[PDB]
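First up is the structure itself, then whatever we jot down about it.
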Amino acid sequence: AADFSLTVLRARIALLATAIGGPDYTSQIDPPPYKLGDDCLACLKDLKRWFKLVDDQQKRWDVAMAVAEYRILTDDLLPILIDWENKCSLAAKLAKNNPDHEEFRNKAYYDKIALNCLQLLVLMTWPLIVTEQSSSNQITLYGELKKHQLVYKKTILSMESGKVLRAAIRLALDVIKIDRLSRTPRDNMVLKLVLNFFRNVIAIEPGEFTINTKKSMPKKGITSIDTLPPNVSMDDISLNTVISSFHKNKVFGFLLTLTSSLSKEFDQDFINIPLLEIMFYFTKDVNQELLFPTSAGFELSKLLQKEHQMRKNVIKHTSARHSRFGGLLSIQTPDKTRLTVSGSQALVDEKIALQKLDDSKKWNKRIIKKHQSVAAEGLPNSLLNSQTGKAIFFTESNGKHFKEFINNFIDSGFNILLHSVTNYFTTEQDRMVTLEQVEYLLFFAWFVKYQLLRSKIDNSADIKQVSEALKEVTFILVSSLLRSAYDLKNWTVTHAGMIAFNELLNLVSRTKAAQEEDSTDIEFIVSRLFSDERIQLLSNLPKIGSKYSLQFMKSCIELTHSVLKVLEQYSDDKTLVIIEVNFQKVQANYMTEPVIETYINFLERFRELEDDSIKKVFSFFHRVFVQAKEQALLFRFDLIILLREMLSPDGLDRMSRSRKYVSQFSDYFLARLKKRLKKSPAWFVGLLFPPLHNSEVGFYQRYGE
Amino acid sequence: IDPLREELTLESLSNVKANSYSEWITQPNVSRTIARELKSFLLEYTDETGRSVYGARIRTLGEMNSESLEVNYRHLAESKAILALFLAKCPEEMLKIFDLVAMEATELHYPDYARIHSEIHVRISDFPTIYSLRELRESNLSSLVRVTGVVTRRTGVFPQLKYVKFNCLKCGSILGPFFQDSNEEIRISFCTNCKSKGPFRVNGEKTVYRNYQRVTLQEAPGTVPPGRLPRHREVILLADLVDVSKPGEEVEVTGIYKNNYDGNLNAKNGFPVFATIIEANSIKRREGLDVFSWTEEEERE
Amino acid sequence: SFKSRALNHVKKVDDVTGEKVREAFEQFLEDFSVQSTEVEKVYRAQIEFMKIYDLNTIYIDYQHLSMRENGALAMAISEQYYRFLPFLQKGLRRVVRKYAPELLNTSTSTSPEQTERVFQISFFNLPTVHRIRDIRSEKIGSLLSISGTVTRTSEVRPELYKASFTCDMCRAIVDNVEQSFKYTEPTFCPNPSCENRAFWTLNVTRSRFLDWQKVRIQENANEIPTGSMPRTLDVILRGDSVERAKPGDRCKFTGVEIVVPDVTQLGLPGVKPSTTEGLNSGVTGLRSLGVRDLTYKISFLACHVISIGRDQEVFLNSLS
Amino acid sequence: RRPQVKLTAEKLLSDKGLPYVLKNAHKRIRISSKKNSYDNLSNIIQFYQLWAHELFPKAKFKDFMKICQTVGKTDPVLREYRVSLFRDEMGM
DNA sequence: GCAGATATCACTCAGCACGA
DNA sequence: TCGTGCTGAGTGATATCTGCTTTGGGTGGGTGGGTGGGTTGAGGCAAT
Ligand SMILES: [Zn+2]
Ligand SMILES: [Zn+2]
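Protein chains in written order, with the deposited numbering: chain X, 12 to 304, 329 to 613, 655 to 781; chain 2, 174 to 459, 469 to 483; chain 6, 91 to 127, 131 to 200, 252 to 418, 429 to 463, 499 to 509; chain Y, 48 to 139.
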């Protein structure tokens, strides 16, 4: 019965689809226009009722799949919408040419039809989130719906050079034309609909590969994780295409006008969240480094030169003769026993022989990494879970347009938008959902970082455009959200708040450096953000970060470095008072075994790391080693192995900037360790096991006296 | 009213709403519309004189107890262009629907004809597009193609299963009926009754067979460019078509150009290549049909 | 009700060098121009020509590549061609989208068959020409040109390019599966609930195929040493370069030297696994090869082919 | 059926192990100012890897170090001895 | 009786939250 | 400030299982054996 019911539903939906309309192949004109059926609006209303009754109330998604299967969106709605746009364009042309000319028979009917198609399209492009309460049917139809939405996005951005965006903009103009005091709630509904349409268009991204885990991993393993439709490639739905289409249709101007006039020509409740989410999605994956630096030839030559060096280093480990040439080495250890190692290269170098003996071992100790995807908690892909280095590549024109748009927005209305959002969500702190918190914090952090970079690069711009960043209310809101996240153990929002706090610290330090005299007002804000509870929380943050994702640890490193820098600056400049704050005690709070463990675990992935991160980790290492003289903390063995791996010819690039810091820190650590070992023979065994916590010998163990 | 019983119009058929032609045709409503239109074309087509060509053709078919109703492609194109286009693009499903419609039309004239024959195959006679064994490419796969060549091989006539019925070896359950494609054998990798991946076997001694023959079609020596190797394919002739040609004949074959996975070819060449063969739908000899044939009128001359 | 884990596409590590080569190729294809008798963009004009005349292959002169960007781009493409080929196609597709959007899709009633166009890049005018005897294993995956005599030409066959399978349990769909050298089927069902892992059915209708032809060539007689058996080689032609080489004549191929494994050992459905007196033992160790060893055989993937050697009005029109 | 070999305190405290390290660790290992830091690190890791292989061939070097960390954190008898060596030096 | 490909079950280990 | 008992998770070893042929051809043989099977025809070259 259920299968028969599904078949009947599919047949009814198909019959409705055929009744919407079709191209007028009969007409001689053969850019075939899409003629409308006599009851087209009836079919639109019927589809709206279908969605309402089935998709939402019955907790099903078969209706959406049936609609997608028959190419309703790509073959019907886009035709009528684009034809309506074209008809309005001709009408405007005639009106401008002659005011008396009026050929728009059934104008009201056309506008109602266009609004209905826009609402239907918005309904069909809503984000899909999988939750624990979702039905099994809601779960089994996730990948198919995601692929259908990807196809929808491609068609939207490609069909007629994306004139759908122009039609939506035209609807927005029609709405705004009427006066503010004359605006009814329906106009605000239409504006919200347009903003949601833009957000949906920007947000659609490829899904995720979910696999059952009832039984063990087969020895065949995973072959591929590709989750794209048949006809859609990555570049079609890339952000570059979105930017190009938006510029071609003059979409950025509409958003600029909407944000500039906010609080002067529009209400705030139907405006704040839409634009805020749109702009969070706009910079969800963008990295500010790319924005501010043929060039491609020079970069290619540099990369080829790096690959050549890597190849040269690899060649040193390969045998001149073929694999089956033979040759067995017998290396005798001091206790009159010899182990056999094969390979030609092992004969000449002892290090290679030992390394091969190591690799030949089969048993591997466990490593358990329990990680939850963002989709599990209903969050989109962003900097939180993306790679530290994943960069979206832009063409020159698209990048220039993106830079211009962001610069104009920041210069125009960032402060007003931030003020409105922060006030609204201070009024409504309690019912915040993780998605909104993460989005708001990420938007704040990204824009503050971009403004900081722009100020650093050039002095023509101003640093006051982010004045609301230092405003007290935003700081209290951010601190409250971070504290609540820490209390409730919500690590995603915790990471977002960590990034936001890092950005706020960078901003405060930069503004104090720029103008110290006016910093007296700034001195008020710093006193608030270094409360005893806040200091304890920041100190504890690195400790827990060891057993989490790499990005969380990177944010921990960033936040710790910024906090230390700001605290040192303020302590040196004047007497810091929240209780007088001395740099010594706060530094001591930061010297603990878990902190060093977290740092070592972070530096274990130096191959994928950037120069700045390496510089910062080694700066903290220098601080711990020298400033406080706690060398006992770093007298571990993982550090020695990591140092040798990084200084090895096959490790970190020799002709690299970080290698200078690595070599200096090594030299110093080796010298101090040799001195201590000569003084204290017992440390020969202490290098392996963790330090004691015994009162009788703890002092001697740590300080050696 | 049952939604599945609703029928579209003729124009709506041209407006296709589906990923592929086969998906569009397979839909219930479109299938019913196609059946109705094909029946109307068969029952209402008239030539210059106004004589119902296909009525007389069906009467003659019944007279000889034949199971083939020859249909002119040009007539279908002139009457309903969209149906001709669908038949060209998706021959298998259109031909299935056409066979059902033709069996209904034949039963219209001879009510009890089902006793003599249960299936009346429909054969397309004059395909406007003529191809050669050299110009066949991947784009022609799974579509009606007309080719010319000379027969240089032929095999004997054998019976082949038309509906198979498998069984299990772990539980002994018997699977349902299936349709045996002429190019690939039926494969089952999981049961439904015991729902186990165990071995299987062919059972159900009750089965309905069909004739099967294979010939090798080669390009005409004259058509081959100067001193180039001729190209050959293998043609499969099903029931009602076996023993219709013998080696050393020039023939024109209209059929479906199909492909299937062959392990031997992949192992040999070293790339994922698929074997290809033509499932014949009609064979003709190569004015008219034969000069030597004469008529009663000529015999008087 | 079930336990599932998810792997995200954003987790993938991108190839920086490949993307840089893609950008360089895009810039070269866009801004390159040659002085005529006027100055015109050779490759933008060529793309417009293809757009008007519906062509798939875009011919690129290697000397032009070497001239621009100090030759670093030429070195990158030539030394490692198999690695960088997909990025070149990505750059070409981006340029086509920028200038000729309609060329991307394949070309009384509507037609739903609109598949992605499979562009092909042909390189010619290589500064050096090799011989079948000069082919070495040190230059596998490099762009080089060879000459030979066509001794045989297999028929045109369809080659599985990007398959599309449907689960036999839940009747799902898995599309865009890349076949390397053998019939490759998916392993894990995308549906979280389904338990299928090895039972799939190929959707022969929704898949995509490419034209395939194998051509055998032997070294030209004069080049051979006195009283020596000619050495043979296998050449593979795809796309629009099929049925261009003909038996007997002498042709100049340009392409990439590849190596074909013994697919039988890797595991083919239906098929069973499996001069030198036992010395030709392959390489073993892979999990797929439980106890068997894999032997290799050199081949050649050619992208360009050159042939070294009615009424009055028709001829007169050809004459200038 | 068979218990897995594991780096217990008994093996560490045997004649081979910590007693072996205390016996001969400074003589074999030598950090020289003239030699580069990489060579000294290689020498130290060379000594410790040889000792670990002689004692615990089961696990690789990094796994051996991690297991040593865990055991030192857990085992109390190991802590007893570790404290004892430090106590003797305080006595010296 | 013998080797190889395959799937099943049982045992032990690192994380977690609470109580001392 | 911290120590330990309970839990889910994942390999390791071990249980059943299929398979143990396979194959056309003379650098795989005839002490592996015909109940595992192999049934050309044109064209070139030495002898004369
Ligand atoms: Zn069964
Ligand atoms: Zn499945």
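Ideal Cβ positions, reconstructed from N, Cα and C, are used throughout, including at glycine.
Chain Y has no Cβ within less than 8 Å of the Cβ of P670 (chain X). At least one heavy atom of ligand 1 lies closer than 7 Å to the C-beta of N366 (chain 2). Listed in chain order, the non-local C-beta contacts of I114 (chain Y) below 7 Å within the same chain comprise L54, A106, local neighbours out to five positions each way being set aside. A heavy atom of ligand 1 is found nearer than 7 Å to the CB of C344 (chain 2).
Shown here for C128 (chain X): same chain residues with a beta carbon closer than 6 Å to its own, the five before and five after excluded, namely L88, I91, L92 in chain order. Under DSSP, the beta-bridge partners assigned to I429 (chain 2) are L317 (chain 2), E452 (chain 2). Residue side-chain check: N335 (chain 6) places its Cβ nearer than 7 Å to a non-hydrogen atom of ligand 2. Within its own chain, the residues whose Cβ lies closer than 7 Å to the Cβ of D122 (chain Y), once the five positions on either side in sequence are excluded, are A56, listed in chain order. Look at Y163 (chain X) here: in three-state DSSP terms it is helix. For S369 (chain 2), the Cβ falls inside the 7 Å cut-off from some heavy atom of ligand 1. Leaving aside the five residues that flank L119 (chain 6) on each side, the residues in its chain whose CB is nearer than 6 Å to its CB run, in chain order, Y136, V188. Contact annotation: in the region 16 to 41 of chain X, residues whose CB is within less than 8 Å of a CB in chain 2 are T18, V19, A22, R23, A25, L26, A28, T29, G33, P34, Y36.
Inter-segment contact for the region 387 to 394 of chain 2 and the region 363 to 370 of chain 2 is absent: fewer than three beta-carbon pairs are separated by less than 8 Å. Closer than 8 Å to the CB of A331 (chain X) there is at least one CB belonging to chain 6. The beta carbon of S742 (chain X) sits no closer than 8 Å to any beta carbon of chain 6. Check the Cα spacing between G322 (chain 2) and each of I303 (chain 2), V337 (chain 2), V375 (chain 2): the tightest is with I303 (chain 2).
Contacts with chain 6 at 8 Å (Cβ-Cβ) do not include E180 (chain 2).
In the DSSP annotation of this structure, the continuous segment of the beta strand (DSSP E) that includes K306 (chain 6) starts and ends at 301 to 311. Closer than 7 Å at the C-beta level to chain 6, one finds no residue of the region 356 to 372 of chain X.
Only buried fits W95 (chain X), as 16 or more other CB atoms lie within 10 angstroms of its CB. Collapsing the DSSP output to three states places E407 (chain 2) in a strand. By the CB criterion at 8 Å, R404 (chain 2) and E299 (chain 6) fall inside the cutoff.
Collapsing the DSSP output to three states places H73 (chain Y) in coil. Annotated as proximal: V386 (chain 6) and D355 (chain 6), with beta-carbon spacing under 8 Å. In chain order, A448 place their CB closer than 6 Å to the CB of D435 (chain 2), counting only its own chain and leaving out the 5 sequence neighbours on each side.
Counting only the Cα atoms, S562 (chain X) lies some 6 Å from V612 (chain X). Taking the Cα positions, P766 (chain X) is about 14 Å away from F111 (chain Y).
Burial check for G64 (chain Y): the Cβ neighbour count within 10 Å reaches 16 or more, so the residue is buried. Looking at the DSSP output, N340 (chain 2) sits in a beta bridge with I347 (chain 2), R374 (chain 2).
For the region 553 to 598 of chain X, the continuous alpha helix (DSSP H) assignments of 4+ residues that do not extend past its boundaries occur at 554 to 564, 567 to 579, in sequence order. At a cut-off of 8 Å between beta carbons, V508 (chain X) makes no contact with chain Y. Residues of the region 89 to 103 of chain Y with a C-beta less than 9 Å from any C-beta of chain X: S89, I91, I92, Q93, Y95, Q96, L97, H100, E101, listed in chain order.
For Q391 (chain 2), the enclosing beta strand (DSSP E) has its first and last residue at 382 to 391. Put simply, the CB of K262 (chain 2) is far from chain X, with every gap to its CB atoms at 8 Å or more. Residues of the region 346 to 379 of chain 2 with a Cβ closer than 7 Å to any Cβ of chain 6, in chain order: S362, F363. Contact check between the region 101 to 115 of chain 6 and the region 181 to 196 of chain 6: three or more CB pairs, one atom from each, fall below 8 Å, which counts as touching.
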